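Peer 1: The following file, upload-v3.cif, comprises mmCIF, N, CA and C atoms:
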data_model
#
loop_
_atom_site.group_PDB
_atom_site.id
_atom_site.type_symbol
_atom_site.label_atom_id
_atom_site.label_comp_id
_atom_site.auth_asym_id
_atom_site.auth_seq_id
_atom_site.Cartn_x
_atom_site.Cartn_y
_atom_site.Cartn_z
ATOM 1 N N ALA A 1 -24.273 -9.072 -16.239
ATOM 2 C CA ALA A 1 -24.462 -8.388 -14.934
ATOM 3 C C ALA A 1 -23.869 -6.984 -14.963
ATOM 4 N N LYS A 2 -24.365 -6.117 -14.085
ATOM 5 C CA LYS A 2 -23.888 -4.743 -14.014
ATOM 6 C C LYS A 2 -22.381 -4.689 -13.790
ATOM 7 N N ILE A 3 -21.624 -4.832 -14.872
ATOM 8 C CA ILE A 3 -20.174 -4.794 -14.799
ATOM 9 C C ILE A 3 -19.547 -4.825 -16.188
ATOM 10 N N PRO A 4 -19.881 -3.843 -17.040
ATOM 11 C CA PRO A 4 -19.359 -3.751 -18.393
ATOM 12 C C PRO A 4 -18.112 -2.876 -18.474
ATOM 13 N N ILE A 5 -18.298 -1.574 -18.289
ATOM 14 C CA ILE A 5 -17.187 -0.632 -18.337
ATOM 15 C C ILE A 5 -16.061 -1.090 -17.423
ATOM 16 N N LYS A 6 -16.420 -1.435 -16.194
ATOM 17 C CA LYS A 6 -15.447 -1.906 -15.222
ATOM 18 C C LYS A 6 -14.911 -3.271 -15.638
ATOM 19 N N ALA A 7 -15.660 -3.947 -16.504
ATOM 20 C CA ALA A 7 -15.269 -5.261 -16.994
ATOM 21 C C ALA A 7 -14.165 -5.142 -18.034
ATOM 22 N N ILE A 8 -14.363 -4.244 -18.990
ATOM 23 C CA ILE A 8 -13.379 -4.023 -20.038
ATOM 24 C C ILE A 8 -12.149 -3.338 -19.463
ATOM 25 N N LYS A 9 -12.383 -2.432 -18.521
ATOM 26 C CA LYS A 9 -11.305 -1.707 -17.870
ATOM 27 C C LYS A 9 -10.484 -2.646 -16.994
ATOM 28 N N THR A 10 -11.157 -3.610 -16.371
ATOM 29 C CA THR A 10 -10.480 -4.574 -15.514
ATOM 30 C C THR A 10 -9.532 -5.437 -16.333
ATOM 31 N N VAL A 11 -10.015 -5.914 -17.473
ATOM 32 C CA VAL A 11 -9.202 -6.736 -18.356
ATOM 33 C C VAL A 11 -8.128 -5.885 -19.014
ATOM 34 N N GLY A 12 -8.495 -4.655 -19.356
ATOM 35 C CA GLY A 12 -7.549 -3.748 -19.969
ATOM 36 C C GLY A 12 -6.404 -3.437 -19.030
ATOM 37 N N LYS A 13 -6.697 -3.467 -17.733
ATOM 38 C CA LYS A 13 -5.695 -3.202 -16.716
ATOM 39 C C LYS A 13 -4.718 -4.366 -16.611
ATOM 40 N N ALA A 14 -5.229 -5.579 -16.799
ATOM 41 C CA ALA A 14 -4.393 -6.770 -16.732
ATOM 42 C C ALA A 14 -3.412 -6.800 -17.895
ATOM 43 N N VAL A 15 -3.946 -6.755 -19.108
ATOM 44 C CA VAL A 15 -3.111 -6.758 -20.301
ATOM 45 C C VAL A 15 -2.219 -5.524 -20.323
ATOM 46 N N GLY A 16 -2.709 -4.443 -19.722
ATOM 47 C CA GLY A 16 -1.944 -3.211 -19.673
ATOM 48 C C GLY A 16 -0.727 -3.327 -18.777
ATOM 49 N N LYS A 17 -0.905 -3.946 -17.613
ATOM 50 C CA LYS A 17 0.194 -4.123 -16.672
ATOM 51 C C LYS A 17 1.052 -5.317 -17.072
ATOM 52 N N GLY A 18 0.440 -6.274 -17.762
ATOM 53 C CA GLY A 18 1.166 -7.448 -18.204
ATOM 54 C C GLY A 18 2.099 -7.133 -19.353
ATOM 55 N N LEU A 19 1.583 -6.417 -20.346
ATOM 56 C CA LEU A 19 2.377 -6.036 -21.504
ATOM 57 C C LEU A 19 3.488 -5.085 -21.088
ATOM 58 N N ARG A 20 3.175 -4.194 -20.155
ATOM 59 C CA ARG A 20 4.157 -3.237 -19.675
ATOM 60 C C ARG A 20 5.223 -3.944 -18.860
ATOM 61 N N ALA A 21 4.801 -4.851 -17.991
ATOM 62 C CA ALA A 21 5.747 -5.599 -17.184
ATOM 63 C C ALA A 21 6.809 -6.206 -18.083
ATOM 64 N N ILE A 22 6.397 -6.612 -19.279
ATOM 65 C CA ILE A 22 7.327 -7.178 -20.236
ATOM 66 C C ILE A 22 8.152 -6.066 -20.869
ATOM 67 N N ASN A 23 7.582 -4.864 -20.884
ATOM 68 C CA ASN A 23 8.257 -3.703 -21.445
ATOM 69 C C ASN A 23 9.342 -3.207 -20.508
ATOM 70 N N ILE A 24 8.952 -2.937 -19.273
ATOM 71 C CA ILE A 24 9.896 -2.463 -18.275
ATOM 72 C C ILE A 24 10.982 -3.507 -18.109
ATOM 73 N N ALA A 25 10.637 -4.745 -18.454
ATOM 74 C CA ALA A 25 11.585 -5.832 -18.380
ATOM 75 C C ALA A 25 12.398 -5.896 -19.666
ATOM 76 N N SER A 26 11.827 -5.359 -20.746
ATOM 77 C CA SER A 26 12.508 -5.344 -22.037
ATOM 78 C C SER A 26 13.471 -4.166 -22.114
ATOM 79 N N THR A 27 13.050 -3.034 -21.560
ATOM 80 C CA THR A 27 13.872 -1.833 -21.549
ATOM 81 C C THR A 27 15.020 -1.997 -20.564
ATOM 82 N N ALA A 28 14.752 -2.712 -19.476
ATOM 83 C CA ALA A 28 15.763 -2.958 -18.458
ATOM 84 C C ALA A 28 16.895 -3.800 -19.030
ATOM 85 N N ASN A 29 16.571 -4.601 -20.041
ATOM 86 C CA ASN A 29 17.559 -5.455 -20.687
ATOM 87 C C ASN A 29 18.545 -4.619 -21.493
ATOM 88 N N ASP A 30 18.085 -4.104 -22.626
ATOM 89 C CA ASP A 30 18.926 -3.279 -23.482
ATOM 90 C C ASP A 30 19.658 -2.231 -22.655
ATOM 91 N N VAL A 31 18.940 -1.632 -21.711
ATOM 92 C CA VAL A 31 19.520 -0.622 -20.837
ATOM 93 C C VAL A 31 20.604 -1.236 -19.966
ATOM 94 N N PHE A 32 20.272 -2.364 -19.352
ATOM 95 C CA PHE A 32 21.209 -3.074 -18.490
ATOM 96 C C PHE A 32 22.535 -3.300 -19.207
ATOM 97 N N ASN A 33 22.495 -3.262 -20.535
ATOM 98 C CA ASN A 33 23.692 -3.460 -21.345
ATOM 99 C C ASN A 33 24.142 -2.147 -21.982
ATOM 100 N N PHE A 34 23.295 -1.126 -21.884
ATOM 101 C CA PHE A 34 23.603 0.184 -22.451
ATOM 102 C C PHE A 34 24.668 0.899 -21.625
ATOM 103 N N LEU A 35 24.654 0.665 -20.318
ATOM 104 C CA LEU A 35 25.621 1.287 -19.421
ATOM 105 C C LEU A 35 26.856 0.407 -19.257
ATOM 106 N N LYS A 36 27.221 -0.295 -20.326
ATOM 107 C CA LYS A 36 28.386 -1.171 -20.307
ATOM 108 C C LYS A 36 29.400 -0.746 -21.364
ATOM 109 N N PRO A 37 30.086 0.382 -21.126
ATOM 110 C CA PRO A 37 31.094 0.916 -22.049
ATOM 111 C C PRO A 37 32.168 -0.112 -22.395
ATOM 112 N N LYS A 38 33.093 0.275 -23.270
ATOM 113 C CA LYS A 38 34.174 -0.615 -23.684
ATOM 114 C C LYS A 38 35.132 -0.884 -22.529
ATOM 115 N N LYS A 39 34.998 -0.104 -21.460
ATOM 116 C CA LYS A 39 35.856 -0.256 -20.291
ATOM 117 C C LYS A 39 36.202 -1.722 -20.056
ATOM 118 N N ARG A 40 35.230 -2.479 -19.561
ATOM 119 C CA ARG A 40 35.430 -3.897 -19.290
ATOM 120 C C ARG A 40 36.219 -4.090 -17.997
ATOM 121 N N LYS A 41 37.416 -3.515 -17.950
ATOM 122 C CA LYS A 41 38.269 -3.623 -16.772
ATOM 123 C C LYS A 41 37.737 -2.759 -15.634
ATOM 124 N N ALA A 42 37.345 -3.404 -14.540
ATOM 125 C CA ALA A 42 36.819 -2.694 -13.381
ATOM 126 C C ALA A 42 35.630 -1.818 -13.763
#
Kindly transcribe the structure held in the file into structure tokens.

Peer 2:
Amino acid sequence: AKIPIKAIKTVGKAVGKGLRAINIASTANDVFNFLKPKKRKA
């Protein structure tokens, strides 16, 4: 049916936001620990 380009783009958008969601979630991890100097106390 008339829905090719929008078909591949639609799926590409899913995997695109899905893979990224895992990325922004992956970067948030290392980062979440990146701002943790040796301080420890307070």

Peer 1: For atom N of residue 40 of chain A and atom N of residue 22 of chain A, quote the distance in Å rounded to one decimal.

Peer 2: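 These atoms are spaced 29.1 Å apart.
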
Peer 1: Record the distance separating atom N of residue 24 of chain A and atom C of residue 11 of chain A, expressed in Å with one decimal.

Peer 2: 17.3 Å

Peer 1: Find the smallest box with edges along x, y and z containing every listed atom of segment 7-24 of chain A, then add 8 Å on each side and report centre and edge lengths in Å to one decimal, as lines of an AutoDock Vina configuration file.

Peer 2:
center_x = -2.3
center_y = -4.6
center_z = -18.5
size_x = 42.6
size_y = 21.7
size_z = 22.0

Peer 1: Mind giving me the straight-line distance from atom CA of residue 3 of chain A to atom N of residue 20 of chain A in Å, one decimal?

Peer 2: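 One can read the atom CA of residue 3 of chain A to atom N of residue 20 of chain A distance as 24.0 Å.
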
Peer 1: Name the residues of chain A that come out as alpha helix (DSSP H) in a backbone DSSP run; write them as a PyMOL selection string.

Peer 2: chain A and resi 5-34

Peer 1: Save segment 1-41 of chain A to a file: N, CA and C atoms, as a PDB file, in the first residue's frame.

Peer 2:
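Written file, out-v4.pdb:
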ATOM      1  N   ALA A   1       0.841  -1.224   0.000  1.00  0.00           N
ATOM      2  CA  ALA A   1       0.000   0.000   0.000  1.00  0.00           C
ATOM      3  C   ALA A   1       0.864   1.257   0.000  1.00  0.00           C
ATOM      4  N   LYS A   2       0.294   2.362  -0.470  1.00  0.00           N
ATOM      5  CA  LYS A   2       1.014   3.627  -0.530  1.00  0.00           C
ATOM      6  C   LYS A   2       1.546   4.028   0.841  1.00  0.00           C
ATOM      7  N   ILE A   3       2.690   3.464   1.211  1.00  0.00           N
ATOM      8  CA  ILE A   3       3.310   3.765   2.490  1.00  0.00           C
ATOM      9  C   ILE A   3       4.683   3.113   2.608  1.00  0.00           C
ATOM     10  N   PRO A   4       5.604   3.440   1.688  1.00  0.00           N
ATOM     11  CA  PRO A   4       6.950   2.894   1.680  1.00  0.00           C
ATOM     12  C   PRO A   4       7.939   3.783   2.427  1.00  0.00           C
ATOM     13  N   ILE A   5       8.237   4.941   1.851  1.00  0.00           N
ATOM     14  CA  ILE A   5       9.164   5.882   2.465  1.00  0.00           C
ATOM     15  C   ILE A   5       8.769   6.154   3.908  1.00  0.00           C
ATOM     16  N   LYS A   6       7.492   6.448   4.111  1.00  0.00           N
ATOM     17  CA  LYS A   6       6.976   6.715   5.443  1.00  0.00           C
ATOM     18  C   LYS A   6       6.995   5.439   6.276  1.00  0.00           C
ATOM     19  N   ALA A   7       7.064   4.301   5.591  1.00  0.00           N
ATOM     20  CA  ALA A   7       7.098   3.006   6.256  1.00  0.00           C
ATOM     21  C   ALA A   7       8.473   2.739   6.848  1.00  0.00           C
ATOM     22  N   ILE A   8       9.504   2.961   6.043  1.00  0.00           N
ATOM     23  CA  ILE A   8      10.873   2.757   6.491  1.00  0.00           C
ATOM     24  C   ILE A   8      11.257   3.826   7.501  1.00  0.00           C
ATOM     25  N   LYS A   9      10.772   5.040   7.267  1.00  0.00           N
ATOM     26  CA  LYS A   9      11.044   6.158   8.154  1.00  0.00           C
ATOM     27  C   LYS A   9      10.344   5.958   9.493  1.00  0.00           C
ATOM     28  N   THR A  10       9.152   5.368   9.452  1.00  0.00           N
ATOM     29  CA  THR A  10       8.390   5.114  10.669  1.00  0.00           C
ATOM     30  C   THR A  10       9.122   4.114  11.552  1.00  0.00           C
ATOM     31  N   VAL A  11       9.610   3.042  10.940  1.00  0.00           N
ATOM     32  CA  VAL A  11      10.346   2.022  11.670  1.00  0.00           C
ATOM     33  C   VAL A  11      11.704   2.563  12.091  1.00  0.00           C
ATOM     34  N   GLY A  12      12.306   3.358  11.213  1.00  0.00           N
ATOM     35  CA  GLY A  12      13.591   3.949  11.517  1.00  0.00           C
ATOM     36  C   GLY A  12      13.497   4.880  12.704  1.00  0.00           C
ATOM     37  N   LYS A  13      12.325   5.485  12.872  1.00  0.00           N
ATOM     38  CA  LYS A  13      12.084   6.397  13.977  1.00  0.00           C
ATOM     39  C   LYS A  13      11.975   5.630  15.288  1.00  0.00           C
ATOM     40  N   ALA A  14      11.398   4.434  15.222  1.00  0.00           N
ATOM     41  CA  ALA A  14      11.243   3.604  16.409  1.00  0.00           C
ATOM     42  C   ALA A  14      12.599   3.127  16.908  1.00  0.00           C
ATOM     43  N   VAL A  15      13.334   2.448  16.038  1.00  0.00           N
ATOM     44  CA  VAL A  15      14.658   1.955  16.390  1.00  0.00           C
ATOM     45  C   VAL A  15      15.584   3.120  16.716  1.00  0.00           C
ATOM     46  N   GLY A  16      15.324   4.262  16.085  1.00  0.00           N
ATOM     47  CA  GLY A  16      16.134   5.442  16.322  1.00  0.00           C
ATOM     48  C   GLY A  16      15.933   6.005  17.715  1.00  0.00           C
ATOM     49  N   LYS A  17      14.680   6.066  18.155  1.00  0.00           N
ATOM     50  CA  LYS A  17      14.364   6.582  19.481  1.00  0.00           C
ATOM     51  C   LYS A  17      14.588   5.508  20.539  1.00  0.00           C
ATOM     52  N   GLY A  18      14.466   4.249  20.131  1.00  0.00           N
ATOM     53  CA  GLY A  18      14.671   3.150  21.053  1.00  0.00           C
ATOM     54  C   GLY A  18      16.134   2.963  21.389  1.00  0.00           C
ATOM     55  N   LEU A  19      16.975   2.963  20.361  1.00  0.00           N
ATOM     56  CA  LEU A  19      18.409   2.805  20.549  1.00  0.00           C
ATOM     57  C   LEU A  19      18.974   3.995  21.308  1.00  0.00           C
ATOM     58  N   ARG A  20      18.454   5.179  21.007  1.00  0.00           N
ATOM     59  CA  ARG A  20      18.910   6.387  21.672  1.00  0.00           C
ATOM     60  C   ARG A  20      18.465   6.389  23.122  1.00  0.00           C
ATOM     61  N   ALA A  21      17.216   6.015  23.358  1.00  0.00           N
ATOM     62  CA  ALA A  21      16.706   5.959  24.715  1.00  0.00           C
ATOM     63  C   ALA A  21      17.656   5.149  25.580  1.00  0.00           C
ATOM     64  N   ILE A  22      18.249   4.120  24.986  1.00  0.00           N
ATOM     65  CA  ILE A  22      19.202   3.294  25.701  1.00  0.00           C
ATOM     66  C   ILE A  22      20.531   4.027  25.818  1.00  0.00           C
ATOM     67  N   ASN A  23      20.770   4.936  24.877  1.00  0.00           N
ATOM     68  CA  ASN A  23      21.994   5.725  24.867  1.00  0.00           C
ATOM     69  C   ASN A  23      21.950   6.801  25.935  1.00  0.00           C
ATOM     70  N   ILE A  24      20.903   7.609  25.888  1.00  0.00           N
ATOM     71  CA  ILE A  24      20.737   8.677  26.860  1.00  0.00           C
ATOM     72  C   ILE A  24      20.677   8.061  28.243  1.00  0.00           C
ATOM     73  N   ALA A  25      20.290   6.789  28.282  1.00  0.00           N
ATOM     74  CA  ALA A  25      20.223   6.066  29.531  1.00  0.00           C
ATOM     75  C   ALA A  25      21.586   5.471  29.856  1.00  0.00           C
ATOM     76  N   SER A  26      22.399   5.267  28.817  1.00  0.00           N
ATOM     77  CA  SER A  26      23.737   4.715  28.997  1.00  0.00           C
ATOM     78  C   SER A  26      24.716   5.815  29.387  1.00  0.00           C
ATOM     79  N   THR A  27      24.545   6.986  28.783  1.00  0.00           N
ATOM     80  CA  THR A  27      25.399   8.129  29.070  1.00  0.00           C
ATOM     81  C   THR A  27      25.077   8.688  30.448  1.00  0.00           C
ATOM     82  N   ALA A  28      23.803   8.612  30.820  1.00  0.00           N
ATOM     83  CA  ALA A  28      23.359   9.098  32.118  1.00  0.00           C
ATOM     84  C   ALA A  28      23.987   8.273  33.234  1.00  0.00           C
ATOM     85  N   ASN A  29      24.314   7.023  32.918  1.00  0.00           N
ATOM     86  CA  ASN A  29      24.929   6.127  33.889  1.00  0.00           C
ATOM     87  C   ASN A  29      26.357   6.564  34.192  1.00  0.00           C
ATOM     88  N   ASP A  30      27.253   6.332  33.240  1.00  0.00           N
ATOM     89  CA  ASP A  30      28.651   6.711  33.405  1.00  0.00           C
ATOM     90  C   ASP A  30      28.755   8.137  33.927  1.00  0.00           C
ATOM     91  N   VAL A  31      27.923   9.017  33.382  1.00  0.00           N
ATOM     92  CA  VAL A  31      27.906  10.412  33.800  1.00  0.00           C
ATOM     93  C   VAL A  31      27.462  10.523  35.249  1.00  0.00           C
ATOM     94  N   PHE A  32      26.367   9.845  35.565  1.00  0.00           N
ATOM     95  CA  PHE A  32      25.823   9.848  36.918  1.00  0.00           C
ATOM     96  C   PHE A  32      26.905   9.495  37.933  1.00  0.00           C
ATOM     97  N   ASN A  33      27.954   8.828  37.461  1.00  0.00           N
ATOM     98  CA  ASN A  33      29.060   8.429  38.323  1.00  0.00           C
ATOM     99  C   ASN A  33      30.304   9.269  38.036  1.00  0.00           C
ATOM    100  N   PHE A  34      30.254  10.042  36.955  1.00  0.00           N
ATOM    101  CA  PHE A  34      31.375  10.894  36.568  1.00  0.00           C
ATOM    102  C   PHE A  34      31.498  12.092  37.503  1.00  0.00           C
ATOM    103  N   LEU A  35      30.361  12.576  37.992  1.00  0.00           N
ATOM    104  CA  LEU A  35      30.346  13.719  38.897  1.00  0.00           C
ATOM    105  C   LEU A  35      30.423  13.262  40.351  1.00  0.00           C
ATOM    106  N   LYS A  36      31.150  12.175  40.586  1.00  0.00           N
ATOM    107  CA  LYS A  36      31.311  11.635  41.931  1.00  0.00           C
ATOM    108  C   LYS A  36      32.783  11.601  42.327  1.00  0.00           C
ATOM    109  N   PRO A  37      33.367  12.779  42.593  1.00  0.00           N
ATOM    110  CA  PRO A  37      34.774  12.905  42.987  1.00  0.00           C
ATOM    111  C   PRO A  37      35.121  12.034  44.191  1.00  0.00           C
ATOM    112  N   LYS A  38      36.393  12.049  44.581  1.00  0.00           N
ATOM    113  CA  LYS A  38      36.853  11.258  45.720  1.00  0.00           C
ATOM    114  C   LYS A  38      36.268  11.787  47.024  1.00  0.00           C
ATOM    115  N   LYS A  39      35.677  12.977  46.963  1.00  0.00           N
ATOM    116  CA  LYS A  39      35.081  13.595  48.142  1.00  0.00           C
ATOM    117  C   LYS A  39      34.458  12.544  49.053  1.00  0.00           C
ATOM    118  N   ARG A  40      33.314  12.013  48.635  1.00  0.00           N
ATOM    119  CA  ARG A  40      32.616  10.998  49.412  1.00  0.00           C
ATOM    120  C   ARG A  40      31.874  11.635  50.585  1.00  0.00           C
ATOM    121  N   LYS A  41      32.616  12.332  51.438  1.00  0.00           N
ATOM    122  CA  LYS A  41      32.030  12.991  52.599  1.00  0.00           C
ATOM    123  C   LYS A  41      31.237  14.224  52.182  1.00  0.00           C
TER     124      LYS A  41
END
